[PDB]
Every structure is written in structure tokens, then in C-alpha cells.
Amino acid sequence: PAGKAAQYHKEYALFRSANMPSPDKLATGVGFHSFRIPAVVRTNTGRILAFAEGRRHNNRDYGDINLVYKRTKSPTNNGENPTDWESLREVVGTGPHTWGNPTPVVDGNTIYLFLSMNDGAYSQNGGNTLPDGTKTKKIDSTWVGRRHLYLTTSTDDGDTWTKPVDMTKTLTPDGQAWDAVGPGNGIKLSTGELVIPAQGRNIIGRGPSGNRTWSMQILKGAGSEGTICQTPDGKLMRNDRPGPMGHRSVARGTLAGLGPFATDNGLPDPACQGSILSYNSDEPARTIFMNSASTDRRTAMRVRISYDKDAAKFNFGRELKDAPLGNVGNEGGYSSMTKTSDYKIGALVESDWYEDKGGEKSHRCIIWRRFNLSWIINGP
């Protein structure tokens, strides 16, 4: 029934890499080679908060990387145009460290933002060469050299953020080395609990709005990069990035536990992050899913709808190719979706200029797309 309406789509770069005109810089003068790893949420004011990793010197997952963000200037503009967005701010950039994997969730008048961190001397694989010629040590299980999990919060509609608090000791398993939270988004259940996807576990926030305490729900067979969603039937669903290239890994259950993860052959994935959004719970209930709908590459970005009460089946949906955007490099990769006040899907989508090929010098930017259901429904 939302298919009857006139299609609407609109798209433009929102985080502009250093190689692009009007590159995004902080008010301090700090600029960024690349922006990756988007997260976006609509607050209960209707203001949109967009988060990313500002990777300072190159496009690598490690090294000096700051967690940055923008807000819409007003809570009512819905990010309609470029000028509707504030200029870049910083959640956390302290030291030479990696701060990233933004994974926010809105809770009434509090926005919670989980993030991952590592020391600037360490990388996932280790032995990587830093700007100064120093080789990274490999992420390990020491306090110094593990991936930490941090939580920061805003009670002023994303304007300011409390000093990030290290929650690794309580919300990551003891002994763990590599870790990820999201990235993308957590969710607030119909029943009021907050759920944050993370590597091998959900992170559950309980208590009144804005005064939460968190615990781990350890999962069996989950991915490192998960999405969480409350399907129309009320159940939870993890839809995760696979280890190897092929297809999304999916599991369903409740706060008491999830069933086994199993590959969803309806959802090809190239071992890349995806995003998911419960769009509405009234009839017809809809779940939206975005990812690169390919087994081998990140450039087949597709958005889809499921009408299933457990989101078992997604339609073909529509290729983001159908509304391509010039002057932003080759679009595709990590994504994040939110619903806007004016009833569109707002998505951040990574794009890669690909100048040094897959080398570290290739600049990465992030696109902001909006589209209504009609635009998805009425594609080939």
C-alpha cells in the first residue's frame, strides 16, 4: 500500500574525505583521510545523529582514528539537504588510539553510544606499518593490547557526550583479544530493554529510560559484526556478517537465548557489515535490510523489505545503483539505517574512491541516502 505513492529518493555525500572538495574537518583543524563505519539514529526529538570513524592518515582499521559525528541542525529538517547538517564534531579522539565501531541506541531522552577501542600501537593482525615506520603489535588479551568496549551517553540530543567509560571489564568476556561492537545500531524492545549487538554476544540494557545497567547475553556461533532487530512476532533476530564470504548468518530467539545461527541463502553477503531496521509494527509490519547483495564484492548495495513476522524472507528490493551518485567514488560497503520523521529510510552508505586500489591510501567517504518505501517497492 505504500507502493501507490510517488517514489522519493535523494542522496549526497555526508562525510567528505580529505581528497574531496569541502572536506570534513573538526573545528580544531583536524581533518581525515577517510571516513568509514557509519552509524545513524533518529532521536525522539526527530534530530538525526550520524556517526563515523574519522581515520586520520589512511583508510586502515588501526592507528589514529577518531569517533566523529554530525547532527541535523534542527530536529525537524530530517536531513533533507546538505545544509540541513551541522559541521563535523568529535565524540572521542583522545591519544593516537583507535576509537570506532559506533553503535548507538536511543532511549527516550538519552542516547547511548557503544564503541570499540584499541591502543594505537596494536592492530588486528599485527605487524602493520604505522605512519612513523613502527610496526604494530598484534591485538592480544592483555589489558593494554586487547580491544576495549566503551560507552558514552548524551542527554542533550547528541549535542555533547559524557567522557567515554571503559566497560570492557563487565561487558566483554574475560580473556578476549579482538572484539567489535556493532557497528551500526542497537535497539529498544517493545518491552523497553535495550539490545546492542556485539561479537559473540548481545549487550542488554535494563532499567528505567536513561538509567540503565548492562549485562552480557553470551551467544553461540554469532559473528563479530552483528545486527539486532525485534521482528514483528516480538522475537529477537541476529543477522550477522559471516566469517567467510557467502551469506548472512541469522538466528532468532528472545532475551532468554537465541537459537542456532544458520546461513540465510536469500541474503548473499561478501563478508561485510550490513544494517537492519524494524520500520513499523502496524499492518503491514515491515523489516528493512541493507547490505552488499553479492558473494564476492561490496558494490552491490541493496535495500530490501520483509513482510514476514520473523523476517524469514526478504524481497529482491532495490539496488542503490538505480539512484547512483557521481563524485563520491565507488559506492558500497558498511551501512546504517534509521527511520525519519517524514517517513523515509535514511541510510549512510560507505563509498571508496579506490585510488591506490585496495591500498591504504585509497580515500573513503560516506553517503547519506533517503528514500521512501515506494522507491524500494517499485524497483525491478
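All residue numbers are counted from 1 along the displayed sequence. Note that the rigid core is defined as the largest set of C-alphas that superpose within 1.5 Å between two forms.
> Of the stretches 128 to 136 and 247 to 255, which sits farther from where it is here in 4 other deposited structures of this protein, on average over its Cα atoms, after fitting the core?
Replying inline: Looking at 128 to 136 versus 247 to 255 in 4 other deposited structures of this protein, the farther one turns out to be 128 to 136.
> Going by the B-factors listed in the PDB entry, is the mean over the C-alpha atoms higher for 354 to 362 or for 19 to 27?
Replying inline: Per the PDB record, 354 to 362.
> Can you tell me which stretch has the higher mean Cα B-factor, 119 to 127 or 188 to 196?
Replying inline: Between 119 to 127 and 188 to 196, it is 119 to 127 that shows the higher mean C-alpha B-factor.
>> Just the C-alpha B-factor column, please: which of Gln217, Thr170, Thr295, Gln176 has the biggest number?
In response: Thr295 has the highest C-alpha B-factor of those listed.
>> Highest Cα temperature factor in the entry, among the options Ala271, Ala256, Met290, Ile203: which one is it?
In response: Result of the comparison over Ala271, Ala256, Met290, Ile203: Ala256.
>> Lowest, middle or highest third: which one holds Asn77 when the chain's residues are ordered by CA B-factor from the entry?
In response: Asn77: CA B-factor falls in the highest third of its chain.
>> Please place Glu53 in the lowest, middle or highest third of its chain according to the CA B-factor in the PDB entry.
In response: Lowest third - that is where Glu53 ends up once the chain's C-alpha B-factors are sorted.
> Looking at the C-alpha B-factor of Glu90, is it in the lowest, middle or highest third of its chain?
Replying inline: CA B-factor rank for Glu90: middle third.
> How does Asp310 rank on Cα B-factor within its chain, lowest, middle or highest third?
Replying inline: Middle third, going by the recorded CA B-factors of the chain.
>> Using the temperature factors of the C-alpha atoms in this entry, rank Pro38 within its chain: lowest, middle or highest third.
In response: For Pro38, whose C-alpha B-factor we compare with every modelled residue in the chain, the answer is the lowest third.
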